[PDB]
6 protein chains.
Amino acid sequence: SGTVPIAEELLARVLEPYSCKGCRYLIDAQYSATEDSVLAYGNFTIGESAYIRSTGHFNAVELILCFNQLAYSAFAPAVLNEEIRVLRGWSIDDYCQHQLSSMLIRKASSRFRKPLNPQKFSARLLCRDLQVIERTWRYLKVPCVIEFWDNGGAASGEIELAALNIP
Amino acid sequence: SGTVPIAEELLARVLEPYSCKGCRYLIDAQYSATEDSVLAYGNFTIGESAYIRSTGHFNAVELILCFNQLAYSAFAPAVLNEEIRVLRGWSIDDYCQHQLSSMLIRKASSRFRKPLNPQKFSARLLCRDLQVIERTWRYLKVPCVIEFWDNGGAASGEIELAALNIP
Amino acid sequence: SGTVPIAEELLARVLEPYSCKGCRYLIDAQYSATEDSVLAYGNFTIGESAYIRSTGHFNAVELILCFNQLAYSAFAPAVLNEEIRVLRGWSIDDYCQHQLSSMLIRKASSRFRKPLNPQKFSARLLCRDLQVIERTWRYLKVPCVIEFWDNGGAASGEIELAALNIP
Amino acid sequence: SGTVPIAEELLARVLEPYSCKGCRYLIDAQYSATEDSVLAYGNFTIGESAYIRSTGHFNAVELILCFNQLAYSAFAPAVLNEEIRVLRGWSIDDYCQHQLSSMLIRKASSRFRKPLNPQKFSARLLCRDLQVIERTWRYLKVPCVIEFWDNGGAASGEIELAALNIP
Amino acid sequence: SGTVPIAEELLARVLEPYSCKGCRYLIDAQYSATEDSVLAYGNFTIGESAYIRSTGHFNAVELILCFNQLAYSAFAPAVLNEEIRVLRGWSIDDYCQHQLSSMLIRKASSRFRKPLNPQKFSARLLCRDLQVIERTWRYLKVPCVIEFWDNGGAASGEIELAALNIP
Amino acid sequence: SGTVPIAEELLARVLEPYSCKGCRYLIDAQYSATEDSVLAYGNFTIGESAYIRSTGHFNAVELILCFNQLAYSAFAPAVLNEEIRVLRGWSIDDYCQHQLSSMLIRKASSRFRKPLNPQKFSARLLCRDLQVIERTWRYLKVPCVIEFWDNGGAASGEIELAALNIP
Ligand SMILES: CCCCCCCCCCCC(=O)O
Ligand SMILES: CCCCCCCCCCCC(=O)O
Ligand SMILES: CCCCCCCCCCCC(=O)O
Ligand SMILES: CCCCCCCCCCCC(=O)O
Ligand SMILES: CCCCCCCCCCCC(=O)O
Ligand SMILES: CCCCCCCCCCCC(=O)O
């Protein structure tokens, strides 16, 4: 690993958009960062779906939901301790103002094996080769890789984000 | 096209899992079917996210949410008028009992261009080469293709479903 | 890891060429796959050499023998669940017809430290950057990397395969 | 060349470990030797694989198998006529007691072009710069170079042996 | 890992420049090597600073000191068992004559989180893409990556070495 | 420049941690200061390494060692004449009690060209945009820039310090 924990209450701030909806599923997380890469791990629980009755399983909607929360979370301390080069110039204040409106999934790719236990599961996340793209929109493009597990069970994805304001 | 409409109140039954959560986004839909293929079109609106505060845009979570609703919906009249061969033996009664627990996204692939207007948008859906797979689980595998639009804007995906009970 | 197990009796089918000769040495295996990569782990035992009297150690012939069995095995479920892109179009039926005649070692590179216990040992295998080469022969070229251990002990190799029919 | 033949029945003694398994493939051989080098040539045939069903081709396992037999064979008369300096002190009696347990492949490197006819083929072998290494094990290290042919067809390798007892 | 241990007394020889100054801090180490890469792990203790009174913590000077010792150490057995290609032609005798004068840090990059316990800590080291550069000086350039830990605590660096004589 | 000299015997007090170890290398220094910046110049000599036998050159360990001494030294008169705003409230008495335990290198970045003559060399140092950071630790963060020269020869670095007590 080589990863430090992230303070709850940085998390709780970052994920308040979901918590004020009872949709925070990330219990705690640990990160590590460089000039151009972040690695994070998180532990999750799903009490109830906000959107459908009750599947009694994991869903694909919740994979995404958990990826968002972890990515959101993993980039917080990086930005704060100013470890991401391309993002120096953002305070954490900047980051939390640009969460909802300014950070987008461009393309994504999911795979599903043994259905995850929505109750106790975990994820590992790695975003790499971050690079800024100027034009008709100027965005930081963020290639990500995530993997879930828990009872066996696994899922994964390669998702590319766009983050809209920067630097 | 070559597609018939689907009665609301078949829809309303099928999508009640989302409606009882205020998360039905499919306004109406039209389908067409064969031995082994379904084509559907739908019109959507998103009043508010159930899960996050307010993005003011479309999300990836909602792409999936809309795909589910349309697929769910498109297969309803097919099963009822017994047009899907591999599914003859299901009443619509069977179908609605197997919605939540028995129908799953195996793998999926999303693409996003001009952000969709979450207020008034539409989708076109095509599932093809349905085929049953017996083994440690016996499922109908369902290769799907969907495309959204509205103001320009587009998104799309190739998602493979597993449906768990049948025939 | 992030790897699922492989059913014996898929194995037993795939490795029957060796078993009908009492030369199956792979006890069980676990794999993981992508568009263009496979990772597998296996556990081995050698009862007796088929070819020489008795060395009382591991040999280089048996390194190869074990690599073959694991590679053979690791690609089976990938092909079956159609996870390898370049190989979609093969059923598992195709695969088992092309095992003996159509899958070849082009070049290889071995290293040997602490002699492996031929009785209880294990391997880790990773094939990557698979790519098809058309010409006077049309083959899928398969760059592989394997490592053995057990009592300490280690061996390894970088072997390139050619698989002759496809796609 | 500049090479003398090797008596069958020296061969037959040396390769009995394989013959008692029906795995002797070296038909006859010729050698030449110096203080510190051996050159050998051999002619081979493979009736059937001992280990797999039937490939109908050459394999990599059999390349090694043939290298072993030829190396084993080429060093026999050298040791007997006491031509290898570092090995004087071994009778041929010593040599045949240390075959199985005491002679090992450290590292190896194979290349494969036109598939060899397993029925009628030949090899040329050259081991050079033999040198003894004392330590936690005391071995004679033996850098070797071999090349096969037959119908065209070629294969080759640079293999390093360790021989464990000496002098 | 996949790494063998390194004999103390190879270490003790290699690190004598520091030991004769009471500044050897590497207790033991394990390595693994290829044509062009070395991986090593080590365990350290710092009894007292040689240079300053007493900080009661880890320092940056000691990070470097430990990196040197581990790199010095990790390359020893590689060179001896002649596993590094570009360095074949050096005996270990060559290596120990070129330690002090001929091996240099060109550029380096350090990061520090939770202060390391100078008493019991460890490191992981990986040097890769070694390549020789001829000119006004002819050096082997050696891109390295190291990471420390122990009580939590972490530090890391990307340091590039120049080694001056070779091959 | 625009810099005043610093009295030896302020130096000698500040650097006693190194001198009592025969590791003071700063001969004399000159500084200049503002509300939030210090500039210093120093002249150095290295009699012998404390830690290794004898390289006959400059090392990276000694770059750091010299940076510490100069930074340590440059901040002394600033604090004394109370010129650093964020540090007013420290006497020089405070400063010398917090040297060893309370002043740390967070991250650092070194570059090396023409090897410095360890006998007669000089440095130029500039720390800027000092700013206090409250939290789980409350530190003054100190971004620094240093450059060495002497016979040509140059080295440089951007090092960030943390100073732990203040104000
Ligand atoms: C500046 C890099 C930002 C990385 C974290 C953003 C991840 C958020 C994922 C998108 C969430 C959403 O679409 O609502
Ligand atoms: C029998 C074919 C069923 C096709 C409609 C099923 C689509 C439902 C998509 C999965 C929804 C979910 O994961 O909650
Ligand atoms: C299509 C990729 C096939 C990968 C598995 C083939 C590995 C078999 C190794 C060669 C065995 C032999 O030479 O008999
Ligand atoms: C003393 C030199 C011995 C040279 C002949 C030994 C070659 C045998 C090759 C290894 C065979 C094996 O691993 O079973
Ligand atoms: C030939 C590659 C040598 C790798 C080991 C050298 C590492 C030594 C680091 C430099 C030590 C010093 O500057 O005193
Ligand atoms: C209050 C600012 C203090 C600036 C001088 C501190 C520089 C000391 C550098 C760190 C020395 C060490 O790690 O031992």
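Residues numbered from 1 in each chain as written, not as in the entry; some residues may be left out. Chains lettered and ligands numbered in written order. Heavy atoms only, no water. Residues with missing side-chain atoms left out of burial classes, pairs and counts.

Header annotation of the entry names X-ray crystallography as the structure determination method and lists the resolution as 2.75 Å.

Within the UniProt record for chain A, the comment given under Sequence similarities is "Belongs to the FcoT family." (UniProt positions renumbered as here; feature names shortened; annotations may be inferred.)

*Asks:* Hey, could you run me through the site of ligand 5 in this one?
*Replies:* As a structural note, the neighbourhood of ligand 5 is formed by E:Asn68, E:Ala71, E:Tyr72, E:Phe75, E:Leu87, E:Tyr95, E:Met103, E:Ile105, E:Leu140, E:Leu161, E:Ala163 and F:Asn59. Across the complex, the protein chains shield 99% of the 440 Å² of accessible surface that ligand 5 would expose by itself. Broken down by secondary-structure element, the contributors of at least two residues to the shell around ligand 5 are helix 3 (61-80), strand 4 (103-112) and strand 8 (154-163) of chain E. With four residues, the top contributor of residues to the shell around ligand 5 is helix 3 of chain E. Its residues assigned to classes, the shell around ligand 5 comprises 10 nonpolar, two polar and no charged. (Near = heavy atom within 4 Å. Areas by Shrake-Rupley, 256 points an atom, 1.4 Å probe, with all protein chains shown as cover. Helix = DSSP H or I, 4+ residues; strand = E, 2+ residues; numbered from the N terminus. Nonpolar A, V, L, I, M, F, W, Y, C, P; charged D, E, K, R; others polar.)

*Asks:* Looking at this model, I keep getting lost on the environment of D:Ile64. Mind explaining?
*Replies:* Mapped onto the elements, D:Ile64 comes out in helix 3 (residues 61-80). Looking at D:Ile64, the relative accessible area reads 7%, which means it is buried. Linking D:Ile64 and D:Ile105, residues 41 residues apart in sequence, is a C-alpha distance of 9.8 Å. Once residues lying within four places of it in the same chain are set aside, the contact partners of D:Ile64 are C:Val61 and D:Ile105. (Buried < 20%, exposed > 50% of the residue type's maximum accessible area, 1.4 Å probe, protein only. Contact = heavy atoms within 4.5 Å.)

*Asks:* Got a minute to help me understand the environment of D:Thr34 in this structure?
*Replies:* All names here are of chain D. Here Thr-34 lies in strand 2 (residues 26-34). Along the chain, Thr-34 and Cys-127 lie 93 residues apart, while their C-alpha atoms are 11 Å from each other. Beyond its immediate chain neighbours, meaning those up to four positions away, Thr-34 contacts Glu-83 and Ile-84.

*Asks:* I'm lost on the packing of helix 3 (residues 61-80) of chain C against helix 3 of chain D in this one. Help?
*Replies:* Each pair of packed helices can be described by the angle between their axes along with the distance between the axes. At their nearest, the axes of helix 3 of chain C and helix 3 of chain D sit 9 Å apart, and the two run at 175° to each other. Put simply, helix 3 of chain C runs roughly antiparallel to helix 3 of chain D. Residue-level inspection shows C:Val61, C:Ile64, C:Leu65 and C:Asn68 of helix 3 of chain C in contact with helix 3 of chain D, the latter providing D:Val61, D:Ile64, D:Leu65 and D:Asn68. Tallied by class, residues from the contact of helix 3 of chain C with helix 3 of chain D come to six nonpolar, two polar and no charged. (Axes fitted to C-alpha atoms, helices over the stretch in contact; angles between N-to-C directions. Parallel < 35°, antiparallel > 145°, perpendicular 65-115°, else oblique.)

*Asks:* Help me understand the site of ligand 4, please; the structure alone is not making it clear to me.
*Replies:* The full set of residues close to ligand 4 is C:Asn59, D:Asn68, D:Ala71, D:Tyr72, D:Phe75, D:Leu87, D:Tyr95, D:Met103, D:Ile105, D:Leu140, D:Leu161 and D:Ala163. The local environment of ligand 4 is shared, drawing residues from chains C and D. Surface burial for ligand 4 is 99%, taken as the share of its 440 Å² of free accessible area covered by protein chains. Counting residues per element, the ones that place at least two in the shell around ligand 4 are helix 3, strand 4 (103-112) and strand 8 (154-163) of chain D. A total of four residues in the shell around ligand 4 trace back to one element, the largest contributor, which is helix 3 of chain D. By residue class, the composition of the shell around ligand 4 is 10 nonpolar, two polar and no charged.

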